[PDB]
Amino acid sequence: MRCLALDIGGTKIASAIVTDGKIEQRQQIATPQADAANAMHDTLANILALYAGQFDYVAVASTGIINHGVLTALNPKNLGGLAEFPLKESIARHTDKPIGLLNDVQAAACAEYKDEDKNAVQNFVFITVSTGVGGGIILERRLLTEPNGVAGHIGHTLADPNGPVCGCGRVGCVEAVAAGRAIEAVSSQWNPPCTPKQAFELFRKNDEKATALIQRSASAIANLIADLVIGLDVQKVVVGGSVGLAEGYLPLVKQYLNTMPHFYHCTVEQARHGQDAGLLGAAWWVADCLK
């Protein structure tokens, strides 16, 4: 089985042929910005032309949310002119092969799951801690996507009812205390201002104020993991993203989790398949669906 894999980001669109889990014929173009909706139809037509005849099926990872083949988001304004873009339908204009679509964090989850021991790990969660917090959830070896592609938005679960307000209005979500954006909202008000990377450097040098800020984030992620373990019987959590992978961060997450009662514990590890995670994860998931 040969997969035409597409990874549609906010800035770049990567395409490739994936066969036996191997990438070949990479290609990267800019995500349409001018007249984006009209342009995207052209871009997709051109990609499907370039690889014509070379694929048995198409797998699309995209930022945002895939709702019944349509590209959307919690705030569809963050997509600009691609809000509500009919993604599956436009691809289907140019091919009769089956097309699967999922979002980018879901695809990254599948990239980190595909090489797990699936006898031993059937309930699995990928959390990216980056500019924001996103997730992908796999239960009984299957990724959650139904009915509307929302499952996995665990960055919008509650971290503290007295915490900061999150982007779209919920008071106290994980995103507003744990994400890189939430770290910077505090560190940029320091005299003088610091970025999250600078706050981390100070944390690793035992700066107590920087440490408190990084702990605020790590503690929120630890409590989210505990919620997933006790709520869903999750067995393993893989953490990625530039904050999630920062030196010292995951060890702090695990220290907070370990001081909870042992039945909140699970395997917690850093992401190790970030390279081409969207492409490889989408190809694996769509092939798995085909069974």
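Residue numbers run from 1 along the displayed sequence.
Set 26-34 against 255-263 and average the Cα temperature factors; 26-34 ends up higher.
Relative to one another, 180-188 and 216-224 have unequal mean CA B-factors, and 180-188 is the one with the higher figure. Taking only the listed residues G167, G155, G149, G136, the entry reports the highest CA temperature factor at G167. Per the deposited coordinates, the residue with the largest Cα temperature factor out of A282, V268, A271, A16 is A16.
In the PDB entry, a CA B factor belonging to the middle third of its chain's modelled residues is recorded for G248. When the CA B factors of the chain's modelled residues are split into thirds, the value for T211 lands in the middle one. Ranked by Cα temperature factor within the chain, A120 sits in the highest third according to the deposited record.
Per the PDB record, residue ranking by Cα B-factor puts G240 in the lowest third of the chain.
Among the modelled residues of its chain, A45 has a C-alpha B-factor that falls in the highest third according to the deposited record.
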